[PDB]
file query_15.txt (compact mmCIF, C-alpha atoms and all ligand atoms)
# COMPACT_ATOMS: atom_id res chain seq x y z
CA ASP K 29 8.16 -13.42 -39.11
CA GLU K 30 6.20 -13.23 -35.86
CA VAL K 31 6.11 -9.84 -34.12
CA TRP K 32 4.40 -10.69 -30.82
CA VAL K 33 7.50 -10.27 -28.64
CA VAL K 34 8.86 -7.26 -30.52
CA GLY K 35 5.50 -5.59 -31.17
CA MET K 36 4.18 -5.62 -27.61
CA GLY K 37 7.58 -5.08 -26.00
CA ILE K 38 8.09 -1.67 -27.60
CA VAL K 39 4.70 -0.34 -26.46
CA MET K 40 5.15 -1.84 -23.00
CA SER K 41 8.54 -0.15 -22.64
CA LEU K 42 7.17 3.16 -23.96
CA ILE K 43 4.38 3.18 -21.37
CA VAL K 44 6.90 2.69 -18.55
CA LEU K 45 9.12 5.44 -19.96
CA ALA K 46 6.22 7.89 -20.22
CA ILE K 47 4.94 7.19 -16.70
CA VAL K 48 8.36 7.42 -15.05
CA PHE K 49 9.38 10.55 -16.97
CA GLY K 50 6.18 12.46 -16.25
CA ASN K 51 6.02 11.55 -12.58
CA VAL K 52 9.71 12.23 -11.90
CA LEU K 53 9.43 15.59 -13.65
CA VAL K 54 6.37 16.58 -11.61
CA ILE K 55 7.92 15.47 -8.31
CA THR K 56 11.22 17.28 -8.89
CA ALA K 57 9.44 20.43 -10.10
CA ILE K 58 7.31 20.57 -6.95
CA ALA K 59 10.25 19.79 -4.65
CA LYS K 60 12.89 22.08 -6.17
CA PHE K 61 10.83 25.30 -6.32
CA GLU K 62 9.39 27.04 -3.25
CA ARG K 63 6.74 28.80 -5.36
CA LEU K 64 4.79 25.58 -5.99
CA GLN K 65 4.78 24.34 -2.37
CA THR K 66 1.10 24.64 -1.45
CA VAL K 67 -1.46 22.64 0.52
CA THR K 68 -3.18 21.65 -2.72
CA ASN K 69 0.11 20.42 -4.21
CA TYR K 70 0.63 17.89 -1.40
CA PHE K 71 -2.22 15.74 -2.72
CA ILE K 72 -0.67 15.99 -6.19
CA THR K 73 2.62 14.85 -4.64
CA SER K 74 0.92 11.82 -3.08
CA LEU K 75 -0.80 10.93 -6.36
CA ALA K 76 2.48 11.26 -8.27
CA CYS K 77 4.25 9.06 -5.71
CA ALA K 78 1.58 6.36 -6.01
CA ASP K 79 1.65 6.40 -9.81
CA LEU K 80 5.47 6.37 -9.86
CA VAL K 81 5.59 3.33 -7.58
CA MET K 82 3.00 1.71 -9.86
CA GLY K 83 5.01 2.38 -13.01
CA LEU K 84 8.31 1.21 -11.54
CA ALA K 85 6.95 -1.88 -9.78
CA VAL K 86 3.85 -3.49 -11.27
CA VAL K 87 4.08 -2.72 -15.01
CA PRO K 88 7.61 -4.10 -15.69
CA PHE K 89 6.95 -7.46 -14.01
CA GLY K 90 3.51 -7.79 -15.57
CA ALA K 91 5.16 -7.18 -18.93
CA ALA K 92 7.56 -10.07 -18.31
CA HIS K 93 4.66 -12.27 -17.18
CA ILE K 94 2.72 -11.56 -20.39
CA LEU K 95 5.74 -11.90 -22.70
CA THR K 96 7.22 -15.06 -21.16
CA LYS K 97 3.97 -16.79 -20.00
CA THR K 98 5.67 -18.13 -16.84
CA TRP K 99 6.60 -16.68 -13.45
CA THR K 100 10.32 -17.35 -13.09
CA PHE K 101 10.32 -16.08 -9.49
CA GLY K 102 8.82 -17.64 -6.37
CA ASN K 103 5.32 -17.61 -4.94
CA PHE K 104 6.27 -15.06 -2.28
CA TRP K 105 7.17 -12.53 -4.98
CA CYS K 106 3.86 -13.23 -6.75
CA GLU K 107 1.95 -12.47 -3.54
CA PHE K 108 4.04 -9.34 -2.91
CA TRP K 109 3.46 -8.13 -6.48
CA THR K 110 -0.31 -8.60 -6.17
CA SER K 111 -0.34 -6.75 -2.84
CA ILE K 112 1.65 -3.79 -4.17
CA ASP K 113 -0.58 -3.60 -7.27
CA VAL K 114 -3.76 -3.38 -5.19
CA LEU K 115 -2.14 -0.89 -2.79
CA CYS K 116 -1.04 1.52 -5.53
CA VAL K 117 -4.36 1.34 -7.39
CA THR K 118 -6.54 2.07 -4.37
CA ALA K 119 -4.21 4.80 -3.06
CA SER K 120 -4.27 6.67 -6.38
CA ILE K 121 -8.04 6.40 -6.79
CA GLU K 122 -8.62 7.69 -3.25
CA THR K 123 -6.17 10.57 -3.69
CA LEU K 124 -8.24 11.69 -6.69
CA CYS K 125 -11.31 11.85 -4.43
CA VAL K 126 -9.34 13.84 -1.85
CA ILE K 127 -8.42 16.39 -4.54
CA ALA K 128 -12.06 16.64 -5.64
CA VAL K 129 -13.25 17.27 -2.08
CA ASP K 130 -10.50 19.88 -1.63
CA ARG K 131 -11.77 21.79 -4.67
CA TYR K 132 -15.36 21.47 -3.42
CA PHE K 133 -14.49 23.01 -0.06
CA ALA K 134 -12.39 25.70 -1.74
CA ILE K 135 -15.20 26.86 -4.02
CA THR K 136 -18.36 26.42 -1.94
CA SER K 137 -16.91 27.86 1.32
CA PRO K 138 -14.62 30.77 0.38
CA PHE K 139 -14.53 32.73 3.65
CA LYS K 140 -13.77 29.74 5.91
CA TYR K 141 -11.53 27.86 3.46
CA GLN K 142 -8.25 29.12 4.93
CA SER K 143 -9.45 28.10 8.39
CA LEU K 144 -10.55 24.46 8.25
CA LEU K 145 -7.77 23.24 5.93
CA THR K 146 -4.27 23.94 7.25
CA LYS K 147 -0.93 22.44 6.18
CA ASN K 148 -1.04 20.20 9.27
CA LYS K 149 -4.37 18.58 8.37
CA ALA K 150 -3.20 17.64 4.86
CA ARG K 151 -0.49 15.43 6.36
CA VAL K 152 -3.05 13.59 8.50
CA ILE K 153 -5.43 13.18 5.55
CA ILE K 154 -2.69 11.74 3.32
CA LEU K 155 -1.48 9.40 6.07
CA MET K 156 -5.04 8.18 6.66
CA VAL K 157 -5.52 7.62 2.92
CA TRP K 158 -2.34 5.56 2.67
CA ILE K 159 -3.13 3.57 5.83
CA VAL K 160 -6.62 2.71 4.57
CA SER K 161 -5.09 1.76 1.21
CA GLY K 162 -2.63 -0.55 2.97
CA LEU K 163 -5.27 -2.20 5.16
CA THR K 164 -7.24 -3.58 2.20
CA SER K 165 -4.16 -4.56 0.16
CA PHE K 166 -1.51 -6.23 2.33
CA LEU K 167 -3.56 -7.53 5.27
CA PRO K 168 -6.01 -9.80 3.35
CA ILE K 169 -3.63 -11.00 0.63
CA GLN K 170 -0.64 -11.75 2.87
CA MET K 171 -2.78 -13.77 5.31
CA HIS K 172 -4.47 -15.85 2.57
CA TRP K 173 -7.92 -14.42 3.28
CA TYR K 174 -8.73 -13.93 -0.42
CA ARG K 175 -7.94 -17.38 -1.83
CA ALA K 176 -10.46 -19.35 -3.89
CA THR K 177 -11.53 -22.97 -3.37
CA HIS K 178 -11.95 -24.62 -6.77
CA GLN K 179 -9.44 -27.14 -8.10
CA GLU K 180 -7.88 -24.81 -10.67
CA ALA K 181 -7.14 -22.23 -7.97
CA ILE K 182 -5.57 -24.90 -5.74
CA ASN K 183 -3.39 -26.16 -8.58
CA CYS K 184 -2.29 -22.60 -9.37
CA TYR K 185 -1.52 -21.91 -5.70
CA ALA K 186 0.50 -25.13 -5.35
CA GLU K 187 2.79 -24.47 -8.35
CA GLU K 188 5.86 -22.23 -8.10
CA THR K 189 5.94 -21.31 -11.81
CA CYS K 190 2.32 -20.10 -12.00
CA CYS K 191 1.07 -16.69 -10.82
CA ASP K 192 -2.59 -16.01 -11.60
CA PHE K 193 -5.24 -14.03 -9.72
CA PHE K 194 -7.99 -16.14 -8.14
CA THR K 195 -10.34 -14.61 -5.57
CA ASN K 196 -13.64 -15.35 -3.87
CA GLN K 197 -16.86 -13.34 -3.94
CA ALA K 198 -16.61 -11.46 -0.64
CA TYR K 199 -13.10 -10.10 -1.14
CA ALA K 200 -13.79 -9.05 -4.73
CA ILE K 201 -16.98 -7.18 -3.79
CA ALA K 202 -15.44 -5.51 -0.73
CA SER K 203 -12.29 -4.49 -2.61
CA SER K 204 -14.31 -3.05 -5.50
CA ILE K 205 -16.54 -1.08 -3.12
CA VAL K 206 -13.59 0.31 -1.15
CA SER K 207 -11.47 1.14 -4.20
CA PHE K 208 -13.90 2.48 -6.82
CA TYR K 209 -17.57 3.09 -6.11
CA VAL K 210 -17.59 5.37 -3.05
CA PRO K 211 -14.96 7.75 -4.52
CA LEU K 212 -16.93 7.78 -7.78
CA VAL K 213 -20.16 8.79 -6.01
CA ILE K 214 -18.38 11.46 -3.96
CA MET K 215 -16.66 12.91 -7.03
CA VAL K 216 -19.94 12.99 -8.97
CA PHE K 217 -21.72 14.89 -6.18
CA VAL K 218 -18.80 17.30 -5.70
CA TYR K 219 -18.41 18.16 -9.37
CA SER K 220 -22.17 18.56 -9.86
CA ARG K 221 -22.22 21.14 -7.06
CA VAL K 222 -19.16 22.90 -8.52
CA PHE K 223 -20.82 23.09 -11.94
CA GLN K 224 -23.97 24.55 -10.36
CA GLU K 225 -21.91 27.25 -8.63
CA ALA K 226 -20.06 28.14 -11.84
CA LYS K 227 -23.32 28.42 -13.79
CA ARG K 228 -24.79 30.65 -11.08
CA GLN K 229 -21.74 32.94 -11.21
CA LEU K 230 -21.96 33.22 -15.00
CA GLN K 231 -25.66 34.08 -14.78
CA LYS K 232 -24.87 36.70 -12.13
CA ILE K 233 -22.24 38.32 -14.37
CA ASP K 234 -24.56 38.28 -17.40
CA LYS K 235 -27.28 40.27 -15.61
CA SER K 236 -24.79 42.89 -14.41
CA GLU K 237 -22.88 43.45 -17.66
CA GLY K 238 -25.04 41.91 -20.40
CA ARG K 239 -25.52 45.07 -22.46
CA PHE K 240 -21.79 45.52 -22.97
CA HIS K 241 -20.12 42.60 -24.73
CA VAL K 242 -17.64 42.35 -21.78
CA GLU K 268 -20.57 27.43 -19.97
CA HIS K 269 -18.33 25.79 -22.56
CA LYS K 270 -15.15 26.17 -20.50
CA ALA K 271 -16.53 24.59 -17.32
CA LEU K 272 -18.08 21.74 -19.31
CA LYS K 273 -14.75 21.12 -21.06
CA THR K 274 -12.78 21.11 -17.80
CA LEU K 275 -15.23 18.77 -16.05
CA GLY K 276 -15.30 16.48 -19.08
CA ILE K 277 -11.51 16.25 -19.22
CA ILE K 278 -11.44 15.54 -15.48
CA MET K 279 -14.18 12.90 -15.35
CA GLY K 280 -14.36 11.13 -18.72
CA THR K 281 -10.79 9.85 -18.70
CA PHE K 282 -11.14 8.45 -15.18
CA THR K 283 -14.47 6.80 -15.98
CA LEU K 284 -13.28 5.30 -19.28
CA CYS K 285 -10.04 4.06 -17.73
CA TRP K 286 -11.39 2.41 -14.58
CA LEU K 287 -15.14 1.78 -14.93
CA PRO K 288 -14.96 -1.20 -17.37
CA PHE K 289 -12.59 -3.16 -15.13
CA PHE K 290 -14.60 -3.22 -11.91
CA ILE K 291 -17.82 -4.30 -13.63
CA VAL K 292 -16.11 -7.40 -15.01
CA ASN K 293 -14.41 -7.83 -11.63
CA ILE K 294 -17.85 -8.18 -10.04
CA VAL K 295 -19.27 -10.28 -12.88
CA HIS K 296 -16.46 -12.85 -13.06
CA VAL K 297 -17.20 -13.96 -9.48
CA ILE K 298 -20.95 -13.51 -9.90
CA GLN K 299 -20.95 -15.54 -13.14
CA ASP K 300 -18.54 -18.45 -13.46
CA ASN K 301 -17.97 -18.67 -17.23
CA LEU K 302 -19.24 -15.35 -18.60
CA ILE K 303 -15.85 -13.65 -19.05
CA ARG K 304 -12.55 -15.02 -20.35
CA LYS K 305 -9.12 -14.30 -18.85
CA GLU K 306 -7.74 -12.30 -21.79
CA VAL K 307 -10.58 -9.76 -21.53
CA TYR K 308 -9.86 -9.44 -17.81
CA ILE K 309 -6.15 -8.82 -18.41
CA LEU K 310 -6.81 -6.31 -21.20
CA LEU K 311 -9.29 -4.33 -19.11
CA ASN K 312 -6.85 -4.40 -16.20
CA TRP K 313 -4.02 -3.05 -18.38
CA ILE K 314 -6.30 -0.34 -19.79
CA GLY K 315 -6.60 1.14 -16.31
CA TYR K 316 -2.84 1.09 -15.74
CA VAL K 317 -2.19 3.74 -18.41
CA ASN K 318 -4.32 6.23 -16.47
CA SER K 319 -1.24 6.87 -14.31
CA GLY K 320 0.57 8.33 -17.32
CA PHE K 321 -2.20 10.85 -18.03
CA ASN K 322 -2.43 12.42 -14.56
CA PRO K 323 0.39 14.98 -15.15
CA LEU K 324 -1.38 16.08 -18.34
CA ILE K 325 -4.63 16.68 -16.46
CA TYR K 326 -3.61 18.04 -13.05
CA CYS K 327 -0.37 19.87 -13.93
CA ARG K 328 -1.30 22.40 -16.64
CA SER K 329 -1.00 25.44 -14.37
CA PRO K 330 1.14 28.27 -15.81
CA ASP K 331 3.46 28.11 -12.80
CA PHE K 332 3.98 24.41 -13.51
CA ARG K 333 4.83 25.27 -17.12
CA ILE K 334 7.37 27.88 -15.97
CA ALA K 335 8.94 25.34 -13.60
CA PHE K 336 9.11 22.73 -16.37
CA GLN K 337 10.75 25.24 -18.72
CA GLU K 338 13.33 26.18 -16.08
CA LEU K 339 14.24 22.57 -15.27
CA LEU K 340 14.60 21.29 -18.84
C1 LIG K 401 -4.25 -8.54 -10.19
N1 LIG K 401 -4.97 -7.31 -10.54
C2 LIG K 401 -5.81 -6.74 -9.46
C3 LIG K 401 -7.05 -7.61 -9.20
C4 LIG K 401 -8.12 -7.00 -8.24
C5 LIG K 401 -8.00 -5.50 -7.90
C6 LIG K 401 -7.12 -4.67 -8.63
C7 LIG K 401 -7.05 -3.31 -8.27
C8 LIG K 401 -7.81 -2.76 -7.25
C9 LIG K 401 -8.70 -3.55 -6.49
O1 LIG K 401 -9.45 -3.07 -5.50
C10 LIG K 401 -8.80 -4.95 -6.83
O2 LIG K 401 -9.62 -5.73 -6.15
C11 LIG K 401 -6.27 -5.27 -9.77
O3 LIG K 401 -5.12 -4.51 -9.95
call {"tool": "encode", "arguments": {"input": "query_15.txt", "output": "structure tokens"}}
result
Amino acid sequence: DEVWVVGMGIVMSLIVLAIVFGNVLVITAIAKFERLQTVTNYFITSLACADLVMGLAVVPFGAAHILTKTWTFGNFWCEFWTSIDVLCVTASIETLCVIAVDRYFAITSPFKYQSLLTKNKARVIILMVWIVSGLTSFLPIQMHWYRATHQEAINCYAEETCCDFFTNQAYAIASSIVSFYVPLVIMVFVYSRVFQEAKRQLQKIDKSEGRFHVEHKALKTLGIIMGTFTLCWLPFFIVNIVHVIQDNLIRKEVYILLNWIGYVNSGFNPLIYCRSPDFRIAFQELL
């Protein structure tokens, strides 16, 4: 009466369904209606594209790998799958930073905002983000610049039915730095400044109209924005650093679980970044 195959399969299918449904809905809502076509919504389009590619490509095959315990395809497909996984992850995480910086420049520089950011510059920014994402993903993995040296790694690399992730110290550290830490620092600085500006505005209003009845909301919005990202992706990169720093500190199952915890963050992005009333009207019209 085992339920391992049935129990995990249902949840794994449900995650794919949720990700694909949400991202397709967001993409078609932005594309079909001319009201929602805005410079800010291009970054949302890029993030939705990255998460949709993730949900269609990396999750279904990882599900088969976990359920079956063998890689029925060749080594070339294993390398391609690893490359596309890294590409999608880094592209999404960097697009989040781009959105944060966009909001920073919108709020802290109101008079000059319409000047420095034009619809032409957004295309260049998105192209640069995707190119940088592709440089760290396909170039090192496809040229065997990330491979390990120990006997277990060699045996895994020399077998067609095994597909496991083995990496050396330099690639792991560089990939973690490029993918996670710099965007995290930039987002922290940006959102701290935004919170300061909001508090200053509230204090300004209070002095002017305090007598008549005329920061919970800002704290709630910043918490919803930051806590989910931190909880989803912070645990994984710490163990990513440790497992090459320390040989036998961390088991493989913990690594896989913490990797899969970060995958579900793609299904939450429509809930966080697409709650605008215009988006709700568009969703009502489509469905
Ligand atoms: C096989 N899973 C990979 C392993 C390493 C890695 C991931 C994502 C982003 C990175 O920058 C990485 O270095 C994970 O998705």
call {"tool": "atom_distance", "arguments": {"input": "query_15.txt", "atom1": "CA of residue 304 (chain K)", "atom2": "CA of residue 319 (chain K)"}}
result
25.4 Å
call {"tool": "residues_around", "arguments": {"input": "query_15.txt", "residues": "residue 338 (chain K)", "least_positions_apart": "6", "cutoff": "12 Å", "atoms": "all atoms listed in the file", "output": "VMD selection string"}}
result
chain K and resid 53 56 to 57 60 to 61 331 to 332
call {"tool": "closest_atom_pairs", "arguments": {"input": "query_15.txt", "of": "region 68-100 of chain K", "to": "region 174-198 of chain K", "cutoff": "10 Å", "atoms": "all atoms listed in the file", "output": "tab-separated table"}}
result
residue	atom	partner	partner_atom	distance
K:93	CA	K:191	CA	8.5
K:97	CA	K:190	CA	8.8
K:98	CA	K:189	CA	6.0
K:99	CA	K:189	CA	5.0
K:100	CA	K:189	CA	6.0
call {"tool": "write_last_selection", "arguments": {"input": "query_15.txt", "atoms": "C-alpha atoms", "output": "mmCIF file, in the coordinates of the input"}}
result
data_model
loop_
_atom_site.group_PDB
_atom_site.id
_atom_site.type_symbol
_atom_site.label_atom_id
_atom_site.label_comp_id
_atom_site.auth_asym_id
_atom_site.auth_seq_id
_atom_site.Cartn_x
_atom_site.Cartn_y
_atom_site.Cartn_z
ATOM 1 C CA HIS K 93 4.660 -12.270 -17.180
ATOM 2 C CA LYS K 97 3.970 -16.790 -20.000
ATOM 3 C CA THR K 98 5.670 -18.130 -16.840
ATOM 4 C CA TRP K 99 6.600 -16.680 -13.450
ATOM 5 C CA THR K 100 10.320 -17.350 -13.090
#
call {"tool": "closest_residue", "arguments": {"input": "query_15.txt", "among": "K:33, K:205, K:145, K:95", "to": "ligand LIG 401 (chain K)", "atoms": "all atoms listed in the file"}}
result
K:205
call {"tool": "residues_near_ligand", "arguments": {"input": "query_15.txt", "ligand": "ligand LIG 401 (chain K)", "cutoff": "8 Å", "atoms": "only C-alpha atoms and all ligand atoms", "output": "compact mmCIF listing (two decimals) with C-alpha atoms, in the coordinates of the input"}}
result
# COMPACT_ATOMS: atom_id res chain seq x y z
CA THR K 110 -0.31 -8.60 -6.17
CA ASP K 113 -0.58 -3.60 -7.27
CA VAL K 114 -3.76 -3.38 -5.19
CA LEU K 115 -2.14 -0.89 -2.79
CA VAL K 117 -4.36 1.34 -7.39
CA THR K 118 -6.54 2.07 -4.37
CA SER K 165 -4.16 -4.56 0.16
CA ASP K 192 -2.59 -16.01 -11.60
CA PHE K 193 -5.24 -14.03 -9.72
CA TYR K 199 -13.10 -10.10 -1.14
CA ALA K 200 -13.79 -9.05 -4.73
CA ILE K 201 -16.98 -7.18 -3.79
CA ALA K 202 -15.44 -5.51 -0.73
CA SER K 203 -12.29 -4.49 -2.61
CA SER K 204 -14.31 -3.05 -5.50
CA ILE K 205 -16.54 -1.08 -3.12
CA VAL K 206 -13.59 0.31 -1.15
CA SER K 207 -11.47 1.14 -4.20
CA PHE K 208 -13.90 2.48 -6.82
CA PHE K 290 -14.60 -3.22 -11.91
CA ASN K 293 -14.41 -7.83 -11.63
CA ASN K 312 -6.85 -4.40 -16.20
call {"tool": "residues_around", "arguments": {"input": "query_15.txt", "residues": "residue 75 (chain K)", "least_positions_apart": "3", "cutoff": "7 Å", "atoms": "all atoms listed in the file", "output": "ChimeraX atom specification"}}
result
/K:71-72,78-79,120,123
call {"tool": "closest_residue", "arguments": {"input": "query_15.txt", "among": "K:212, K:40, K:150, K:233", "to": "residue 92 (chain K)", "atoms": "all atoms listed in the file"}}
result
K:40
call {"tool": "closest_residue", "arguments": {"input": "query_15.txt", "among": "K:160, K:334, K:125, K:169", "to": "residue 218 (chain K)", "atoms": "all atoms listed in the file"}}
result
K:125
call {"tool": "axis_aligned_box", "arguments": {"input": "query_15.txt", "around": "region 276-290 of chain K", "padding_each_side": "3 Å", "output": "AutoDock Vina command-line options"}}
result
--center_x -12.7 --center_y 6.6 --center_z -15.6 --size_x 11.3 --size_y 25.7 --size_z 13.4
call {"tool": "closest_atom_pairs", "arguments": {"input": "query_15.txt", "of": "region 301-329 of chain K", "to": "region 234-276 of chain K", "cutoff": "12 Å", "atoms": "all atoms listed in the file", "output": "Markdown table"}}
result
| residue | atom | partner | partner_atom | distance |
| --- | --- | --- | --- | --- |
| K:325 | CA | K:274 | CA | 9.4 |
| K:326 | CA | K:274 | CA | 10.8 |
| K:328 | CA | K:274 | CA | 11.6 |
call {"tool": "write_last_selection", "arguments": {"input": "query_15.txt", "atoms": "C-alpha atoms", "output": "compact mmCIF listing (two decimals), keeping the file's coordinate frame"}}
result
# COMPACT_ATOMS: atom_id res chain seq x y z
CA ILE K 325 -4.63 16.68 -16.46
CA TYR K 326 -3.61 18.04 -13.05
CA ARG K 328 -1.30 22.40 -16.64
call {"tool": "closest_residue", "arguments": {"input": "query_15.txt", "among": "K:221, K:308, K:94, K:146", "to": "residue 66 (chain K)", "atoms": "only C-alpha atoms"}}
result
K:146
call {"tool": "residues_around", "arguments": {"input": "query_15.txt", "residues": "residue 158 (chain K)", "least_positions_apart": "3", "cutoff": "9 Å", "atoms": "only C-alpha atoms", "output": "number ranges by chain"}}
result
K: 115, 118-119, 122-123, 153-155, 161-163
call {"tool": "atom_distance", "arguments": {"input": "query_15.txt", "atom1": "CA of residue 68 (chain K)", "atom2": "CA of residue 286 (chain K)"}}
result
24.0 Å
